[PDB]
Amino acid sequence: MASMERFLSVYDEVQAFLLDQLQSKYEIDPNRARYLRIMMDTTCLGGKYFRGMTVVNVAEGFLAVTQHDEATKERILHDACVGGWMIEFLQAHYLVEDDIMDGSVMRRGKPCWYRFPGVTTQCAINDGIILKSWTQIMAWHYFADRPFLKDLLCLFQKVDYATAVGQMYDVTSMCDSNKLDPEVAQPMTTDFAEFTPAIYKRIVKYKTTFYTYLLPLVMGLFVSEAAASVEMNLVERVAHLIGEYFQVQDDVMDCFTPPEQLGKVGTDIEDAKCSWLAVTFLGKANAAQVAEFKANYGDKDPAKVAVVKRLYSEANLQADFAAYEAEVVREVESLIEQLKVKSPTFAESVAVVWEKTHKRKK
């Protein structure tokens, strides 16, 4: 698909720019430059490119209905690509750190970045951080004179904070709230009392929906100079909804999509995560079922893991999901309908983003 290639080509632009700058402003040597090139390829490439491509699509849809000089068209499409990449680079930062936090082995069909035979966990922390840093450099280099620079950077920042906070909810979701104390050694939860829809929604809202759906969407508008022509509240509601569904697919896939189709190896069960499956199960399980689940959740032992999976299967969880899916469908279409009022094209962009998301098998 053309356009996918156009987007990857701007990646080539961004990379050369970044690496040339290391040579000329940062006294980098050829081997570290190479290391940073490979780290950049591994961590930023290989995914679905939903997030960046969404920004490209939102911008295409305003362009098609809107008067610009050809040069303004080119600048907006180029900005679109560059903003998209800022978002793909922000994902890469998230995934690098998160794979460390989650104890994972595989990303995007390759070993996690920290598990690259010649990487080590300790540079990985720092490479992850370099990834975020690159985003700000791109912003400042490419958008230096653009009128959306402030709005873009300030949103970028809030979305990024929201994500960090969500990752905290995420990373401590098997703790008892009443017990969370940096002074005192942290035993995992035994009642699972905090495995509720509400607690679950809060993790997901923050750890995922902002950077995966809100950010791409508004970015497309920012570079398009088109924020005025939509109802921000509507954009916020739809991004939170689709974003939640997205994280739910991901919880489901952690357990039931095999590594070979998925490109990653599940760890939620091993990690005692407050996942949509755990939450949904604990919401419907009987006394016998709750008890076996309590005896097996949160342990690396493949036989225990396997007992949780049998229980998920027995609990007919695939079908609660399809129910959830259908309710989301209803609500998404409803929000798309409401977005047709001000921006029919944004609306259409959202439909496309929804469609892709809806039928990812990732």
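All residue numbers refer to positions in the sequence shown, first residue = 1.
Pick between 167-175 and 128-136: the one whose mean CA B-factor in the entry is higher. Comparing averages over the C-alpha atoms only gives 167-175.
What stretch has the higher average Cα B-factor here, 297-305 or 38-46? That would be 297-305.
Quick one: which of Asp181, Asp79, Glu244, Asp160 shows the highest Cα temperature factor in the PDB entry? Checking the PDB record, the top C-alpha B-factor among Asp181, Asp79, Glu244, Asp160 is at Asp181.
Please work out which residue in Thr267, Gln91, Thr120, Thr208 has the highest C-alpha B-factor recorded for this crystal structure. Of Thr267, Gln91, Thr120, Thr208, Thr120 has the highest C-alpha B-factor.
Within-chain third of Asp191 by Cα B-factor, per the entry: According to the entry, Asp191 has a C-alpha B-factor in the chain's highest third.
Place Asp99 in the lowest, middle or highest third of its chain's C-alpha B-factors, as listed in the PDB entry. Lowest third of the chain for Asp99's C-alpha B-factor.
Considering every modelled residue of the chain and its Cα B-factor in the PDB entry, is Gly83 in the lowest, middle or highest third? Its C-alpha B-factor, which the entry lists for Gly83, ranks in the lowest third among residues of this chain.
CA B-factor ranking of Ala185, expressed as a third of its chain: Highest third of the chain for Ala185's C-alpha B-factor.
B-factor third for the C-alpha atom of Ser9 within its chain: Its C-alpha B-factor belongs to the lowest third of this chain's values.
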